[PDB]
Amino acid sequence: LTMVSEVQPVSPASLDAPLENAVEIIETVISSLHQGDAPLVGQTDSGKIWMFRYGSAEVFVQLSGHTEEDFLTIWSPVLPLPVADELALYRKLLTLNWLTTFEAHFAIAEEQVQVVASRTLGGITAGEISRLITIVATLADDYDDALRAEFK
């Protein structure tokens, strides 16, 4: 009497894709990266958004949707303005913006200096999502204190 233990040993895996599943990825990434209160989550007219703490900084992650034309934006305010010597500040931020900040960079918004990285979702991978959130967070944690000590 013939027997077949596994009628279907393997099968085409229905694989979660990084584009359609950027959410679950952002979540497991923040789950391990955060060093603070349970991260918060909300909805903006521009999409889903997460808030967490890394070191001394507050980091924001926003996913406006799951199509290639959509954006993944990560930022963290590092220094409140104005400041006594804005020229010496702005020139430093812009000099640092040369390779040193990698995929992220310094900018000005909402009366504050922000560390930010923004990109389209086309061709995005889990490794890249993990990398961008980490870069913005580590840069933000390293420079918020250094910048205050020097311009306050």
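For every residue, the number given is its place in the sequence shown, counted from 1.
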query	finding
44-52 or 26-34, whichever carries the higher mean Cα B-factor	44-52
79-87 versus 92-100 - which carries the larger mean C-alpha B factor in the record	79-87
Record-listed C-alpha B factor of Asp141: chain third	middle
Among modelled residues of the same chain, the CA temperature factor third for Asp70	middle
Chain thirds of CA B-factor: placement of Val10	middle
Assigned third (lowest, middle, highest) for the C-alpha B factor of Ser118	lowest
Cα B factor band for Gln112 (lowest, middle or highest third within the chain)	highest
